[PDB]
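J.: I am attaching a structure below and will ask some questions about it afterwards.
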Amino acid sequence: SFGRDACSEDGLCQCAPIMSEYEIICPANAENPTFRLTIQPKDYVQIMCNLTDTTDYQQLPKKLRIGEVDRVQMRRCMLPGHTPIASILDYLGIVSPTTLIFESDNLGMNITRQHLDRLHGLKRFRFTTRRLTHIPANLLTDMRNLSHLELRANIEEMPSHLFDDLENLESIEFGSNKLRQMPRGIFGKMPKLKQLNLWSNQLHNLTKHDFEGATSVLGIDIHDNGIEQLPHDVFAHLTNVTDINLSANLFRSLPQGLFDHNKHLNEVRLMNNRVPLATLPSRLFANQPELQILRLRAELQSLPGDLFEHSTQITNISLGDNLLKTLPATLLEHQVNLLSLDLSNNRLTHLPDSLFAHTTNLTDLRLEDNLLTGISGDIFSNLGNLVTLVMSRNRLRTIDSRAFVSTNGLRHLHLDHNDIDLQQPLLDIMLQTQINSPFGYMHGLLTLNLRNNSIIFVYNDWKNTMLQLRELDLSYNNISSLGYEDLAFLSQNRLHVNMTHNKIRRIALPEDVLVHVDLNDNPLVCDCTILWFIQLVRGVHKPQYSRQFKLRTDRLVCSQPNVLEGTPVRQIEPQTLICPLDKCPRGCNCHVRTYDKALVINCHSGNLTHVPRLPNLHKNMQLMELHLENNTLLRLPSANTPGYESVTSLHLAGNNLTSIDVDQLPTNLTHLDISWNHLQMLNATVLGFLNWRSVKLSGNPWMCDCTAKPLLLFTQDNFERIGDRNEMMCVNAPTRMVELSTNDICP
Amino acid sequence: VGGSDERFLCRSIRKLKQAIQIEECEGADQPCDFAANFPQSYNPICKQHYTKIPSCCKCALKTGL
Amino acid sequence: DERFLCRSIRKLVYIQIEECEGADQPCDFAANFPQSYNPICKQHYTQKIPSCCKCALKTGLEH
Ligand SMILES: *[C@@H]1O[C@H](CO)[C@@H](O[C@@H]2O[C@H](CO)[C@@H](O[C@@H]3O[C@H](CO)[C@@H](O)[C@H](O[C@@H]4O[C@H](CO)[C@@H](O)[C@H](O[C@H]5O[C@H](CO)[C@@H](O)[C@H](O)[C@@H]5O)[C@@H]4O)[C@@H]3O)[C@H](O)[C@H]2NC(C)=O)[C@H](O)[C@H]1NC(C)=O
Ligand SMILES: *[C@@H]1O[C@H](CO)[C@@H](O[C@@H]2O[C@H](CO)[C@@H](O[C@@H]3O[C@H](CO)[C@@H](O)[C@H](O)[C@@H]3O)[C@H](O)[C@H]2NC(C)=O)[C@H](O)[C@H]1NC(C)=O
Ligand SMILES: *[C@@H]1O[C@H](CO)[C@@H](O[C@@H]2O[C@H](CO)[C@@H](O)[C@H](O)[C@H]2NC(C)=O)[C@H](O)[C@H]1NC(C)=O
Ligand SMILES: *[C@@H]1O[C@H](CO)[C@@H](O[C@@H]2O[C@H](CO)[C@@H](O)[C@H](O)[C@H]2NC(C)=O)[C@H](O)[C@H]1NC(C)=O
Ligand SMILES: *[C@@H]1O[C@H](CO)[C@@H](O[C@@H]2O[C@H](CO)[C@@H](O)[C@H](O)[C@H]2NC(C)=O)[C@H](O)[C@H]1NC(C)=O
Ligand SMILES: *[C@@H]1O[C@H](CO)[C@@H](O[C@@H]2O[C@H](CO)[C@@H](O)[C@H](O)[C@H]2NC(C)=O)[C@H](O)[C@H]1NC(C)=O
Ligand SMILES: *[C@@H]1O[C@H](CO)[C@@H](O[C@@H]2O[C@H](CO)[C@@H](O)[C@H](O)[C@H]2NC(C)=O)[C@H](O)[C@H]1NC(C)=O
Ligand SMILES: *[C@@H]1O[C@H](CO)[C@@H](O)[C@H](O)[C@H]1NC(C)=O
Ligand SMILES: *[C@@H]1O[C@H](CO)[C@@H](O)[C@H](O)[C@H]1NC(C)=O
Ligand SMILES: *[C@@H]1O[C@H](CO)[C@@H](O)[C@H](O)[C@H]1NC(C)=O
Ligand SMILES: *[C@@H]1O[C@H](CO)[C@@H](O)[C@H](O)[C@H]1NC(C)=O
Ligand SMILES: *[C@@H]1O[C@H](CO)[C@@H](O)[C@H](O)[C@H]1NC(C)=O
């Protein structure tokens, strides 16, 4: 009827096919156009107006031919004077609409029956306006096909003779009007009426008489209606009612037997009561053969055990957001088919161990945001079907061992934000004791969430018994140290463990022969103890197990020492990782880097004539760096001096040594920086000893004569060993020694 | 099907080298529709969302995520 | 300090795009709505760029 072809055509109003529809704009060049038709052929057509006087309808597109359409929607339109709206629909070429929606705040007048001539065939009509406007009761005349009605014009009261020809009306929507009273004698004219939405009115004092003849009615909504209290028979004529809604009201109490005559109930909802409703009367939902869904939120303080007595059909219950301190034990005795209890946000401190005794089919339980304090052993000993469970943000401290033995149906377990520690003594931990958390029996478990607790150990069961585990959250606990066994998760199922923000101050990884583990934000100390970890962090170390887990470490930062502090783990270099040796000589700071097994001794005080007593080298260590730079030594100790005897490196630059015996040098020596000393001559026995040995020799008063001849040949060939050959000087005038021959010195 | 109309909480106006289809809040900070059952605290208000350029208009409750 | 009836996930790929999570699935607080209305989250577009994800209270002409 109307497609892309008509769209392209000029110059009337411009059309432009967008998405799958067409956005016609009249006029074609107007900023704020008079009309903005939006046509989606066969389906609907929205007419968006912007009119001053009613005479603007001329600028409508001429000869449009939209053909058949199910839904017509008019927004911001002038009521068309003394002209049927169906005229405008004819002008645009629309044929047989099923729905007309009139929704404006610029009407120009009041709605009249004449507007609705030729739209008697309608099935759905909606009229909405926030103007002050009166609606005539002769408006819906000859509307035999109207099945859905909705009017919203701040309607203060509606006279019965409106619904005269509405014989086929099944559903009524009059929310956000001002109805102060239910129209009498109306259900007789509408024998097929099923939905009766009367929310957001003023329907205060309703009464048993107000529903006489409404045995056709299934759903009645009266929420947001200031209702302070209801007569115990208000619904007594509503015999086959299935959906009530008493929400947003003002109940302080309810009469017993309130639903006694309506044993076809399928869902009652009393949500968000604008004032505190202490409790529900006895047997309020008892003896209800079809009752399923329920929603209660009125800041309830307590409940009767017989509240759901014999109502063995209930499937969902929302008792969330109340003030329940506890529950009676029998409350769910008969609720065999219950599927989802939800006691979120209460002051629940304990739930009688027999509460979920019979609730054999229970699947989702929610208990988060209460003052629960521990899981007993019988409380869940029947919930083999319970698939996912929440107790987040309570004060759980004591999960019984026998607690989770029968819950083989569980997959998602959230006990985050509690005070659970699993009571583990730290000494069984250090001694790698194979012991299980009470979650042990749940092999097929998928989600564990112990965030913001006080776990101090990665328990045995979560690595080897839970192979299906996909989601593990141990962030914000109190784990102080990891070992390579704390990263051994036997899960072939995309496991992502979160260990952020704990107390992990060290990570003991060894050199040895798919699970993601976040380790960001930790009090890691960066001493020699965490050596292999840093190598592993970079490409360096990859000791077998490494490839079977994938560490996230991008925000792991050294807390101590103050040198490396503030710096990430991939950045640092393993020679900084030193562990202070306390034994060490006075005036000398010492440390050990396990990067090269090197015992370093820094005695850079500047006041030593002797080499101070040196601590022995471990039979594991390999390097010993006696750093005695810029002092005033005099002589060196023997090679047999203990501690000293294991030295590999001897950094004595800037000292006072005048002669070096070949016995004053250590067996394990490999470096020998005797730069800047008092040495004038080195015997030929020393030079044989220096056969790899890096050596430094410059800055000494070298007496170059015939007795220096050996040394002069040493330098001349041992180029690699001596870093400062070109800097070695003579004192017989001074000239560089590398400017000398073995004959300038030797006749 | 027939009369398969869907009702949004916030009314808005979908309008248009190349033009761009946007959606813009009919009113600024108008209360949301069907918002009678949300708690007294949530105070539902209509908000304007962008993509800078308008994209759609959503109702916005005041609570936790 | 806000929550919307339909959880979505805005993005930034080449233009900023908001996108439904659970489209065609019930909205949040799907019980806080008047009775004839069925809350179901809709994926809205612009220009095919997912621009928005809002809750459409849909009224069938059946009970
Ligand atoms: C009464 O209580 C019972 C039990 O507590 C409730 O039943 C449960 O209803 C749930 C409906 O949401 C249902 O959970 C589903 O399981 C399905 C798997 O079998 C999922 O597909 C389903 O949808 C998900 O929705 C997510 C957003 O919330 C989203 O991640 C995702 O959506 C994508 O997928 C859909 C296809 O399904 C796409 O169309 C979409 O575009 C997205 O890409 C995902 O699908 C949800 O996870 C439980 O299984 C039901 N419990 C059972 C069967 O035991 C009743 O609903 C309660 N009744 C009332 C009135 O409250
Ligand atoms: C495990 O849980 C922790 C909880 O602390 C998660 O930490 C957070 O991860 C997100 C990832 O995007 C970080 O957000 C980003 O931060 C960077 C740096 O400031 C910023 O540029 C990004 O725009 C984004 O905001 C967040 O900082 C980080 N920490 C906290 C305290 O939230 C972690 O991602 C979880 N890991 C896994 C694998 O589940
Ligand atoms: C719709 O009809 C009503 C009649 O009930 C009109 O009401 C008038 O309201 C004004 C206030 O602005 C009063 O001064 C008049 O006295 C009312 N009329 C009568 C007969 O009492 C209302 O104005 C009409 N709305 C239109 C035409 O848009
Ligand atoms: C609506 O409720 C009435 C309640 O009386 C149902 O009436 C049935 O038929 C006669 C009354 O004409 C009673 O004697 C029967 O006992 C009722 N049957 C029952 C209660 O099962 C009537 O059937 C209901 N309507 C619908 C559509 O269910
Ligand atoms: C789960 O719910 C089913 C119903 O779907 C229960 O089955 C019935 O349980 C009642 C309990 O008294 C018995 O009277 C019926 O004979 C049972 N019928 C059938 C067909 O099983 C079931 O008992 C519940 N529990 C479990 C573990 O499935
Ligand atoms: C960890 O959980 C605790 C509570 O389990 C949070 O601490 C606060 O607890 C008091 C009540 O005991 C309340 O003020 C709030 O529940 C919490 N304060 C807040 C949220 O500011 C604590 O905030 C949680 N921390 C983390 C990182 O999850
Ligand atoms: C160690 O050797 C240094 C040479 O670098 C000596 O320092 C000088 O000694 C002479 C002789 O007493 C003084 O005249 C200079 O003033 C000193 N210069 C300085 C201290 O910078 C130092 O005295 C020697 N020390 C020992 C204990 O032998
Ligand atoms: C309608 O036109 C008027 C003209 O002043 C303008 O102010 C208004 O914004 C327009 N409305 C729409 C919805 O385009
Ligand atoms: C109602 O619909 C019938 C078709 O079933 C049709 O004849 C006409 O459009 C309507 N009749 C009325 C409203 O009397
Ligand atoms: C109807 O309810 C209102 C609520 O305050 C009350 O004041 C009034 O007395 C009630 N009317 C009858 C007849 O009970
Ligand atoms: C946290 O770790 C410390 C380590 O000093 C330990 O003593 C304590 O028991 C753990 N738990 C709490 C709640 O402090
Ligand atoms: C110099 O070395 C001696 C050796 O025992 C030590 O006592 C002294 O503290 C050192 N100097 C300084 C300034 O510490």
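By Swiss-Prot numbering, chain A shows 28-36, 40-543, 553-621, 630-738, 743-784, 787-800, in order.
Cβ coordinates are placed from backbone N, Cα and C, and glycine is handled just like the others.
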J.: Determine, on the basis of Swiss-Prot, the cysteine among A:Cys755, A:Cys781, A:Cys799 paired with A:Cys757 in a disulphide.
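T.: Disulfide mapping in Swiss-Prot sends A:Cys757 to A:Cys799.
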J.: Could you pull the disulfide partner of A:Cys56 out of A:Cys34, A:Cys43, going by Swiss-Prot?
T.: A:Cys43
J.: Pop the Cα-Cα gap between A:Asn738 (N-linked glycosylation site) and A:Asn715 (N-linked glycosylation site) into the table, whole Å please.
T.: 13
J.: So which of the recorded positions A:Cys34, A:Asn275, A:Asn346, A:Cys565, A:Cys567, A:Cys757 end up next to chain C, with Cβ to Cβ under 8 Å?
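T.: Filtering A:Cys34, A:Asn275, A:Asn346, A:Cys565, A:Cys567, A:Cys757 for a Cβ under 8 Å from chain C leaves A:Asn275.
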J.: Which residues, given as numbers and ranges, are at least 6 beyond the ends of the repeat 'LRR 10' (A:391-412) yet have a Cβ under 8 Å from it?
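T.: The answer is 350, 366-381, 383-385, 418-437, 439, 444, 468.
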J.: Once the chains shown are all counted, how many other Cβ atoms turn up within 10 Å of the Cβ of A:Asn482 (N-linked glycosylation site)?
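T.: So the number of other Cβ atoms within 10 Å of A:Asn482 (N-linked glycosylation site) is 18.
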J.: Can you work out which residues elsewhere in the same chain, 6+ from the ends of the repeat 'LRR 6' (A:294-314), have a Cβ less than 8 Å from its Cβ atoms?
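T.: For the repeat 'LRR 6' (A:294-314), the nonlocal Cβ contacts are 253, 269-286, 288, 320-334, 336-337, 339, 348, 353.
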J.: For A:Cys618 (disulfide bond), find which of the disulfide-bonded residues A:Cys45, A:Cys565, A:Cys635, A:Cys637, A:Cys781 come within 10 Å, Cα to Cα.
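T.: Of A:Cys45, A:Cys565, A:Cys635, A:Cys637, A:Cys781, within range: A:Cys565, A:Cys637.
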J.: Mind giving me a neighbour count for A:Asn715 (N-linked glycosylation site)? Other Cβ atoms within 10 Å of its Cβ, every protein chain shown.
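T.: A 10 Å sphere around the Cβ of A:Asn715 (N-linked glycosylation site) contains 14 other Cβ atoms.
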J.: Which ones in the same chain are close to A:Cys34 (disulfide bond), with CB under 8 Å and 6+ residues apart in sequence?
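T.: Listed in sequence order, they are A:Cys45, A:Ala46, A:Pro47, A:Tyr52, A:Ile54.
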